[PDB]
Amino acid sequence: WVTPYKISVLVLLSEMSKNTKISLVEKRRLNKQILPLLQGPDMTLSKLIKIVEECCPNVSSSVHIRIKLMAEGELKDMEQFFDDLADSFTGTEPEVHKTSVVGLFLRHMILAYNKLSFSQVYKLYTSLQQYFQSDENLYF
């Protein structure tokens, strides 16, 4: 269930909460605008970045480069993203994201990730590298 697109959405959610150039009110508005990405089907990294560029022009590049560094890194870099993301909510603001669409998405992604199989985690990281590579290969 956890795919490179879903990881990219987690990266987007993380980058949105960290954005130093918009207010907390604007962040709350943007989290509402982003909801169809959490509920919709998987899309290429190229399409996701194009969507993010339209509503969050700042974070689009930050999202793109974060995936780039994870893909150009090692398996540990994907595992470290999941660890840091799990410690980043309901214990930083500290706002309860439990009944929320974002909260349920963060929960269901971290749970499905942890109920791994080392084989499945390794195949997830390679899938992520190919997902990023597919965007990097584009002429445009």
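The numbering used is simple: start at 1 and walk along the sequence shown.
Comparing 24-32 with 109-117, the higher mean C-alpha B-factor in the PDB entry belongs to 109-117. Between 7-15 and 125-133, the higher mean Cα B-factor belongs to 125-133. When the CA B factors of the chain's modelled residues are split into thirds, the value for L48 lands in the lowest one.
Ranked by Cα temperature factor within the chain, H97 sits in the highest third according to the deposited record.
When all modelled residues of the chain are sorted by CA temperature factor, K68 is found within the middle third. Compared with the other modelled residues of the chain, the Cα B-factor recorded for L37 ranks in the lowest third.
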